[PDB]
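Chains as they are written, first to last, in the entry's author numbering: chain A, 108 to 160; chain D, 1 to 509; chain C, 1 to 509; chain H, 1 to 51.
Worksheet for the structure shown next.
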Amino acid sequence: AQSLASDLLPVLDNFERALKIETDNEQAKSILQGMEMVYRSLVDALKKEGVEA
Amino acid sequence: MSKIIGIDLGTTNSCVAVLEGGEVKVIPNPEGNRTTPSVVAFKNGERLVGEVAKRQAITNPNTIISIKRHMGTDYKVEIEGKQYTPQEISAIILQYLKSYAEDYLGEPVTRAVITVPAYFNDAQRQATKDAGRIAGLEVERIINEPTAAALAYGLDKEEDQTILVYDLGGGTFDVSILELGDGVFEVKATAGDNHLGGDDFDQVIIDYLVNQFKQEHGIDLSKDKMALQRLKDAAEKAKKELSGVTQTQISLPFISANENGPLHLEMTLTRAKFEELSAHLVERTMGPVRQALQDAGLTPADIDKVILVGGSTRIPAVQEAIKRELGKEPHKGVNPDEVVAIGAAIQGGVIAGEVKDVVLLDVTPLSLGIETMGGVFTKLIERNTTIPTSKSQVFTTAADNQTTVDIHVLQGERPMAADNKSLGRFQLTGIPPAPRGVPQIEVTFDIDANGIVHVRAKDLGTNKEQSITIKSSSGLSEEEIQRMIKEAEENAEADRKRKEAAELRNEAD
Amino acid sequence: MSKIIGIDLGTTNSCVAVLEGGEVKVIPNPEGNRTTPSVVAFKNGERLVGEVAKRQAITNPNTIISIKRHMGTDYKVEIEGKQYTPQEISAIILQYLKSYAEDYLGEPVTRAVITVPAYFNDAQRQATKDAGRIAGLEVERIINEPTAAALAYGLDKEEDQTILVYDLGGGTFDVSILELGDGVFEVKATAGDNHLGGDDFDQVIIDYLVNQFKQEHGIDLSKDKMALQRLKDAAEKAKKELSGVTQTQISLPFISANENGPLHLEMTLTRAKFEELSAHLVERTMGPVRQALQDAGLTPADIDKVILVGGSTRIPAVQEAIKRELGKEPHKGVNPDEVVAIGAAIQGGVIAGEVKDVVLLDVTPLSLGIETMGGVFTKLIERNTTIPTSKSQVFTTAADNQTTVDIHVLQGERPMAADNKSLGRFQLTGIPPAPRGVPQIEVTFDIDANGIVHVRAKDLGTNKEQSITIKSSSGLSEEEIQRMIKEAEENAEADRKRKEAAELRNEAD
Amino acid sequence: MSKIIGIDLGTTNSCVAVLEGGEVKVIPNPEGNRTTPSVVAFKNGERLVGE
């Protein structure tokens, strides 16, 4: 699988980076209450393949 | 002489099993999914069937969906003006089952056994059977699914006894009861409602959800088919999940949104909330079961045991809720969605396993050979062999520059030349002044049909063919063989023979 | 005895090649990257080396670095009261090295070769050699990176002539001009710089960025550490792409954020542009070239061929400058990054005793098979399999009681008999009459180093057998060959012989 | 996969040779007769030919 998990980690990272964006305020945080799903998920994704952190 | 393929022809989707080895497996159809959905639609004048069918269903209004409800009745259906009959339809379905089973074996297949429900009749039966031949599958037999799914545990070889099969189909539900009398099935009662199934669960989940959503954030989801689907599926996966585990989380983020923007459907759900939330399917079920119970004159304790089928059947609450109103622990491990197809194939395997007769040919009851050099017996044809055959071997010069070679062709067992029976003794000359080494000689023993045995003796490079034929005359096969073999047993330490093997001594030239 | 592994000792990193087969693989280390960096640390009683040290570099007071500068000196360094010599350090590196190359092989490894920079002096060379035997590695020669690299192209066997190698590793650029007399190599001139490299090629980009991003959003990322980090990454990677393609995006979303919130760096970078920001480096790199040119009293004309070394010779403009410099094309045939350790491994090859096999004509020109039932051409030995080899397959008979089998040997790629070359035909007789598929028949093909191929067909109950030797399977112009390579595909759809599942109807019951 | 036999038919008489084993042997009539005689008949019920 590796090539992927590897070539994933920067993106799967941007998620950790974006995950804490919060200086924030409004309806936009809805957008980010959108991501901590996906990027709590990609984790379970790789996790199927047994890739932990 | 093809195997006998078992098939389970269902309302919702149908499944196809075969046995090779002491082992019986479930053939998959060209796509994933060991189980194939039963349906068909036509577009090109070319049929499409199985899932690739459900896919384009909504293009061509011509899609035949569960037909198997219409077999055995006058019914016909119009396709772009032309009328068809169930058996013809279900037939083409079969043309697929058989087809791709052929794909899987590379071995064309015909003989087959196909299964139909307990409640079916003579008419209907000759309708499936009909369909089968129509597809080109000669039927070896047709038998009723629950019985067939009794061959999971194959109880015919057990105590005469009364047994319930509880089948929850994908989109159906049925129950059956059969006393197994004289080793077979007097199918004592049929029952159960024709709109039921997983999806009738997957649903309550879907409902609970959407209603909960409109509830808190105020929109009715059934409106956009997008998140409709997302929902459906979600709920389903949630179903399978709660098959074994005690909680789960669904997300469906980015599902839809209000004026504060994007709206994320999330949640965590229990086992129970669903158990109770499913509690209606739950208690509506059994009516057919009990009504059947008196319907045969039998008491709840009158059963021996209770099978299962119907892959949706693997459920917490179904199970929990059954055996308790019943006799012992529901029977397991047979993987329900195929359980039935499994049964098919079993009974098919059996249908091929008919012929037990026996016959003749002939074994050449005593092993033949030539005195070899050094004065030993060396078999050229092991004892029980066959209708005429041939063997060929070589051997070479005795000692330096042989001119001539005997062949003593003897019939027996024991290692030791003289220690057996003999037969014609011939020789070969014409051999040149070739030193001991590689002057090779091919000597064969032909055999032909009735016990006649030719023999050949030939040198290689000079091509000299002098040879005999035995008349099978002198050799005694009445007793004499069934004697002089046991001789070989009594005396088997005759391996002492190796003496002359050791006598390789005079090979010092 | 053990394989003699070529080792390249880099100042920055060192890399290790060994020879199996006739071609040379290059041993990967635990990390999975080919080359491991030369740096060493100790914490307690433990030596760590290479990448895994280079990481803890900042937690360690003790991490020796770029030691290969001080090889050839009295320099010592102090850790745990204890001083160490280059021989001792680089010894350690060599230790890890040998250990992993062992690892790939697994039989222990006692015999190395080491390479050194073009200019190393006597006490230097000597001191590395030392380093190595401290390392426990008998050192069977020591050759200078360049003659090495040149050698893995082996031109050493070509005519007396003159080479110019240009090695630019990551941080430090070197040139050497070498004269080949007498299948023997002598270093005529050394040139270089110890601060120019690819790495600084990375720099100009990295800067150019933080200059565009200060000149827009006026935050200096250089000052954020890991921002430096991600930048460096993106830079190098964009250099890579920039080597073969004419543009690329660098894309770094969420680089940082102002008080306004999250900041996004994007961009598109040309080849043309990057060749702007770079053209001075390259043209610093014509300098030593010319320097040594004059040290040889020499002219471009003089230089006969040129080798390229180090990864960043993959840089398009670099090569460009080299071409409009000497008017001559660089021989890049081999992977310029490992070419050095590959040369090393070659010289240890010759040293420890596999000299050069010529080894040509090593392949079947075409697919060899024999017609089987229904004109189908069954492949046995495939096109482009190396010739000195043989294959053997067991066919049985067509029909019940078939007396005889007629083998048709065919050569081509095409799935139908008709379409292939009929090389020869012969038959075999006498097989015992008896049912189809029952008798064994073993045909073996055997091809000699010439391209001449013999076929033997031999019963397995008889040992009766017959054979032919197909004249040439050569002896004509390869033009036909390629015409068939083409003509194979030409008709791709001859796959219509699937028509033979029909002709698999032979089975009669 | 039954055997395949030769038969010569004519005025004078007919003779039937089959290949067995290595070579060809003729057959055996219900009586002797390496040659059976060209002719046949019946009166009532089953019939007969040859000599």
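Every residue gets a Cβ at the ideal spot worked out from N, C-alpha and C, and that includes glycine.
Chain A contacts from the segment 258 to 291 of chain C (Cβ-Cβ distance under 9 Å): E259, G261 and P262
CB contact below 8 Å: A/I138 versus chain D: yes
Any chain H beta carbon closer than 8 Å to D/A449: yes
CB contact check: A/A125 to chain C, cutoff 8 Å: yes
Where D/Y104 falls: helix, strand or coil (DSSP): helix
CB-CB length for D/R414 against D/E478, believed under 8 Å: Actually they are not in contact, since the Cβ atoms of D/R414 and D/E478 sit about 20 Å apart, beyond 8 Å.
Chain A residues whose Cβ lies nearer than 8 Å to that of C/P253: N121
Endpoints, beta strand (DSSP E) assigned at C/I163: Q161 to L168
Contact under 8 Å by Cβ, H/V18 with H/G32: no
Chain-order list of residues whose beta-carbon lies under 8 Å from that of D/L228 (same chain, five-residue window excluded): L221 and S222
Collapsed DSSP secondary structure at D/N211 in the structure displayed: helix
With 16 other Cβ atoms within 10 Å as the buried cut-off, status of D/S38: buried
Any chain D beta carbon closer than 8 Å to C/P415: no
For D/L360, the nearest candidate out of D/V165, D/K157 and D/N450 (CA to CA): D/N450
Collapsed DSSP secondary structure at D/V187 in the structure displayed: strand
Within 8 Å, strictly: CB atoms of residue 543 of chain C and C/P146: The question about residue 543 of chain C has no answer here: the residues shown for chain C are numbered 1 through 509.
Whether C/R141 touches C/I351 by CB criterion (8 Å): yes
Among D/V394, D/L293, D/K214 and D/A149, the one whose alpha carbon lies nearest that of D/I255: D/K214
Cβ contact (3+ pairs, closer than 8 Å) linking the segment 275 to 284 of chain D and the segment 122 to 134 of chain D: no
As assigned by DSSP and simplified to three states, the class of C/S473: coil
Candidates C/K471, C/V109, C/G287 and C/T364, of which the one nearest C/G424 by Cα: C/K471
Rounded straight-line distance, which links the Cα of C/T385 to that of C/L366: 9 Å
Length at least 4, wholly inside the segment 388 to 418 of chain D: the alpha helix (DSSP H) runs in chain order: none
Same chain only: Cβ atoms within 7 Å of D/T313, ignoring 5 sequence neighbours per side: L168 and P336
Beta-carbon contacts of D/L155 that lie in its chain and below 8 Å, excluding the five residues immediately before and after: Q161, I163 and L180
Paired residues, beta bridge with H/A41 - DSSP: H/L48
Interface positions of the segment 353 to 381 of chain D facing chain C (Cβ-Cβ less than 8 Å), listed along the chain: none
Secondary structure, beta strand (DSSP E): runs of 3+ residues fully inside the segment 197 to 260 of chain C: 247 to 258
Within chain C, the residues that D/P388 reaches when beta carbons sit closer than 7 Å: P432
Complete runs of the beta strand (DSSP E) confined to the segment 421 to 483 of chain C [at least 3 residues]: 421 to 428, 441 to 447, 453 to 459 and 465 to 470
8 Å Cβ cutoff met for C/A292 and C/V175: yes
Contacts of residue 116 of chain H in chain D (Cβ-Cβ under 7 Å): The shown model of chain H, from 1 to 51, leaves out residue 116 of chain H, and the question about it has no answer.
Neighbour-count burial assignment, C/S251, 16 or more Cβ in a 10 Å radius: exposed
D/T378: first and last residue of the uninterrupted beta strand (DSSP E) it sits in: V376 to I381
Under the three-state DSSP convention, the category D/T285 falls into: helix
Euclidean distance between Cα positions of C/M226 and D/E216: 43 Å
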